[PDB]
Amino acid sequence: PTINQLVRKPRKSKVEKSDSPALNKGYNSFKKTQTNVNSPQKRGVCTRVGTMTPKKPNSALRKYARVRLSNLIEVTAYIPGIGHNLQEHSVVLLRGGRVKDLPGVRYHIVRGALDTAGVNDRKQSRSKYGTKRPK
Amino acid sequence: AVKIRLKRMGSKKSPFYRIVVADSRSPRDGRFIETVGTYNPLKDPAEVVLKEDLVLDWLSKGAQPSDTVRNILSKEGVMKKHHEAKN
Amino acid sequence: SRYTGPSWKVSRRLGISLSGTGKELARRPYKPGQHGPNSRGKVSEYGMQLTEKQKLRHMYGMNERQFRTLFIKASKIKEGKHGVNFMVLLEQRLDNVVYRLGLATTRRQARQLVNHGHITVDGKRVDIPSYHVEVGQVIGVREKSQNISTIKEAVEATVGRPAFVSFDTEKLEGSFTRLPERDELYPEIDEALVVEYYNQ
Amino acid sequence: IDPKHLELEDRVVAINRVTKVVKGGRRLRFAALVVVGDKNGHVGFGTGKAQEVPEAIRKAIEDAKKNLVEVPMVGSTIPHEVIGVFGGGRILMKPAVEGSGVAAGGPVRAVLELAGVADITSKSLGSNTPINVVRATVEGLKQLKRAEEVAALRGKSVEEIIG
Amino acid sequence: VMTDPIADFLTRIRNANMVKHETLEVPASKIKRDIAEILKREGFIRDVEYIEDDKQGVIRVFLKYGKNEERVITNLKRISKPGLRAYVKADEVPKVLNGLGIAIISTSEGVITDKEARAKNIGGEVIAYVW
Amino acid sequence: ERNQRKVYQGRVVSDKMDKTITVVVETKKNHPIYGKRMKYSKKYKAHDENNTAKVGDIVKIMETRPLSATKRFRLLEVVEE
RNA sequence: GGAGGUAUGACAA
RNA sequence: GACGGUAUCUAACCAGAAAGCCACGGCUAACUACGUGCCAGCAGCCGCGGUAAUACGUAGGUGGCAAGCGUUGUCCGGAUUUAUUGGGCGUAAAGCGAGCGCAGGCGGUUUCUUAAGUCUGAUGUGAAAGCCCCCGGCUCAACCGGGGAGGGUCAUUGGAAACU
RNA sequence: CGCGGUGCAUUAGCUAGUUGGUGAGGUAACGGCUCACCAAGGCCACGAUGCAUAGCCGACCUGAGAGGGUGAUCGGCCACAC
Ligand SMILES: [K+]
Ligand SMILES: [K+]
Ligand SMILES: [Mg+2]
Ligand SMILES: [Mg+2]
Ligand SMILES: [Mg+2]
Ligand SMILES: [Mg+2]
Ligand SMILES: [Mg+2]
Ligand SMILES: [Mg+2]
């Protein structure tokens, strides 16, 4: 471009965006608007717990939960690990991160936080999946 | 009132002070016009640094120190010189 | 944090005698573990860099952040060579001073003497093994602690000391007499690899 | 231009396993790029191919010895900034200060360490193909100059030029 | 048209240099005369001569080669394009190739080199580098 | 001797107003990023004492107290009709 | 010698 | 003298009361055994798992950090991936289907003139704290303090005017 | 008062005490600050008006720099007190 062009219209950068828009918003019941807040984790209520079939190179029953967030955005997350204490209406805590198998799951569920029971008999990579030491 | 006082610096339980020219309306640490020395008693005696010319100029222009600063300026001989210059 | 673990294990991973003795490599000069003696495969340049860095911090029992900050403070210097100044600043640590003066058999022993407070600098107690030491100071065993038999054994079992030091046995005081030198340090290390490592 | 009477030592940039295809499947060969030098100014590179890693290495070394070039130096630094282009690989190299060491992560680091340039600031702008980045590197080091040469061309003296 | 005769002059030099021609002819102006004289007395050119014709003074150049083959000039480059003009201070004076080339500057004193400018502690408009 | 209040030189563009005019300065700042020497046609309102100045005429103006809401400047000269 | 025009094939590997 | 019989110093005693987190297919430093058998599960990207898994889970072992470690979320960089520094438009993304022309952008040679741009001397200010340099005190360090340096498409005045 | 610092033109027209003047009043003080009277001017593609967003700054994080992002703690100016 010519410098005249670059003054008549400047370089307008490639607009960016997040891999987790649901975490980057909030809600005040008074004015009832999306409040933009950069929150690492959130709370939600599992509105469904089920299984899904992953993409073609893989084959499995991937455990998901559809969840109703504090900010009233409904979100599909993954239940990592082996086993869960979850049901519909079960309070849950959510963190970010894709699950490359299904597309519609941009989020993960956290273990050891709330009604989510810690994983059972997991001794390695233990902070992850949230289960206390075997003494 | 325009005043010549001392403002607090340094960590807790290890204080230090800067003599300073401050209005009484400003905070303990805030607006100031000029610094004219500094102070700490953390030595076995007290220990002092001063700027005689500027502090005497503000005293002439109408300053009004606090009690401890008056003691310090007495030990450094500035109040006596101001008195003499008024005589 | 401090390392309470084995010495020989570290030394024989790295493939070098840190104590300058040999029995931390003698009879088993291969990395630990049941994949130790068998045919190690190729290794990478990142591996070599990391190994050089780990040699030094395992010598001096140091932490990564201390290491990094000391590297930065050496970088702030312009009057010499970068990694050589880094090694010198490592040498100016009481852990190593006590060792080079022959006042203790190991850097762990030396650190323990320093921290337990059996040592003085210019006649003042110091429980800080990371204490920097400028050329000209006077390290000295605590005049009450000169009676321990451990240090007397360690001092009368002293081989010929380095060139950059001065020391007396009756006084149990010594000091640096130089920057100190580079080549008088362990030439087994390639400081350029640390430089490339932390240039990243 | 002669590798004779020199202590050329080598270093392998990369081995790219590279395939030809036949009715009977795939004919897998190894292609290697090697850079060799004496750490005095004289450096070269070579391409080798073979069904074996060491054979391709040998061939590349023997081709690199036959394609040497000499880089100037100024206290383990190059004289002036330069941009080298060779078909997708742009590299700019700047004269750096002493003690700053090298600023590259291979293959350029290998090329310059073997040529003897201990202190330099470089950057790969374009592609990442080792072959063409190395070729742009040598092209830039060929663009480089010597003060004596330039002053003998211009007629002016060395001090009369640098000022 | 000729919206930049200085750069036309520089590029004509570059083209003749690439084909290894021996001489040039250009519709000249006083700034071209200054630049040609600077190159003459700095070593990038063998010789330069003038021609006075009614429309405009032509200036002819006689280029320089270390041999039949080797070139003294490698490449030139204008910086004040003029779409973005490059004015610089006595500290921001460029140093073409750490002193192995030359920058051509116009200042209150006149058309001079980076040498003279960075010595006198002046600056001005930069109009050409020469590798 | 006392200070000297700011003065500008400019050009007239409208004289349809009594005891006052509009004046244009035409500096040239360099665009902050891309550096190009741009135009910048700042303009002002000047108090004319006598409705002397004519359109498209060069002029000088010195600041002063607000003589109106827009006005901040005082005519000094008339230079080129 | 060369140029311009004149029916279906499971998924993954 | 609230802190406070706290800091601090002395002496007696016990190795005794005081180390875990993540990762180990490649990018990336770090490897085997057993179970499981496209299931369970892993996964930052490439991708692992279908009866011999260094990629799941456990055990052993090792590596990186260490009273912290790992993970998410946010900002920068790498990203020259909005290119002033510092990119491109024949085929990859892109030359409007083509022209007439207001405004603006740019503009042949040259004398004289100005001095808006430009260059430049001096003066002032750019608070302190902070970054940086030299010092010094806290058992060193963080930190704290002193002194200095720098910072403005900054302003007034005074010159040149080669170039616009 | 000069200058400067954010996005949209899928926002192109905006203003009427608004613009200026002669008086008078009014404020610590200048002046449409206010009233009458006279005139119809004034702002804008160098982005007015409108919409959204936001306290600004010293400074902080990053970066080769150019720049980007932020404006917590400390200090300064501003604004607010259901
Ligand atoms: K495993
Ligand atoms: K606000
Ligand atoms: Mg590996
Ligand atoms: Mg895992
Ligand atoms: Mg198995
Ligand atoms: Mg296309
Ligand atoms: Mg300051
Ligand atoms: Mg960058």
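On the given criteria, is A:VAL105 assigned to a loop (DSSP other than H, G, I, E, B), within 16 Å of ligand 4 (Cβ to nearest atom) and either within 14 Å of chain C (Cβ to nearest Cβ) or surrounded by 16 or more Cβ atoms within 10 Å (Cβ to Cβ) (or both)? Here the answer is no, as A:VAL105 does not meet what is asked. Considering the stretch A:111-135, the residues that are among the hydrophobic types (A, V, I, L, M, F, W, C) and surrounded by fewer than 18 Cβ atoms within 10 Å (Cβ to Cβ) include one that is nearest to RNA strand H (Cβ to nearest atom), namely A:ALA113. Within the stretch F:30-37, not a single residue is within 16 Å of RNA strand H (Cβ to nearest atom) and either more than 14 Å from chain A (Cβ to nearest Cβ) or more than 30 Å from E:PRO82 (Cβ to Cβ) (or both).
In the stretch E:60-76, the qualifying residues are those that are touching a helix residue (DSSP H, G or I) at 6+ places or on another chain (Cβ under 9 Å) and more than 9 Å from chain D (Cβ to nearest Cβ), and the one that is nearest to E:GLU37 (Cα to Cα) is E:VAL61.
Between C:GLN34, C:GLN92, C:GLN109, C:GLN66, the distinction of being in contact with a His (Cβ under 7 Å, 6 or more places away or on another chain) and either more than 27 Å from D:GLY106 (Cα to Cα) or of a type in the set (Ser, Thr, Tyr) (or both) belongs to C:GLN92 only.
Scanning the stretch D:138-145 finds one or more residues that are over 19 Å from D:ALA32 (Cβ atoms), part of a helix (DSSP H, G or I), more than 14 Å from chain E (Cβ to nearest Cβ) and not basic (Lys, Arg). When the criteria are applied in full, A:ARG106 fails the requirement of being within 7 Å of RNA strand H (Cβ to nearest atom) and of a type in the set (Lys, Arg).
Here the stretch D:73-115 is the region considered, the condition is being part of a strand (DSSP E or B), within 14 Å of chain E (Cβ to nearest Cβ) and in contact with a helix residue (DSSP H, G or I) (Cβ under 7 Å, 6 or more places away or on another chain), and the residue that is farthest from C:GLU191 (Cα to Cα) is D:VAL85. Figure legend. Inter-residue proximity from the stretch E:96-118: first residues without any contact (Cβ under 8 Å) to a residue 60 or more places away in the chain and among the small types (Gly, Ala, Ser), second residues surrounded by 21 or more Cβ atoms within 10 Å (Cβ to Cβ) and part of a helix (DSSP H, G or I), beta-carbon distance below 8 Å, spacing 6+ or different chains. Indicated pairs: E:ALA103/E:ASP114.
The conditions of being within 10 Å of RNA strand I (Cβ to nearest atom) and among the charged types (D, E, K, R) are not met by F:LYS36.
So that you can scan it fast, the table gives a plain yes or no per residue for (1) over 30 Å from C:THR158 (Cβ atoms); (2) assigned to a loop (DSSP other than H, G, I, E, B):
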| position | (1), (2) |
| --- | --- |
| C:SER1 | yes, yes |
| C:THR4 | no, yes |
| C:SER11 | no, no |
| C:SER19 | no, yes |
| C:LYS23 | no, yes |
| C:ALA26 | no, yes |
| C:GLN34 | yes, yes |
| C:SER39 | yes, yes |
| C:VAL43 | yes, yes |
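Taking residues in the stretch A:40-66 that are within 16 Å of ligand 4 (Cβ to nearest atom), and partners anywhere that are of a type in the set (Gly, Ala, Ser), not one pair has Cβ atoms closer than 9 Å while being at least 6 places apart or on different chains.
Please note: Cβ atoms are built from the backbone with ideal geometry, for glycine as well, and neighbour counts cover all protein chains shown. Values in this text are rule-based calculations from the coordinates and carry no lab data.
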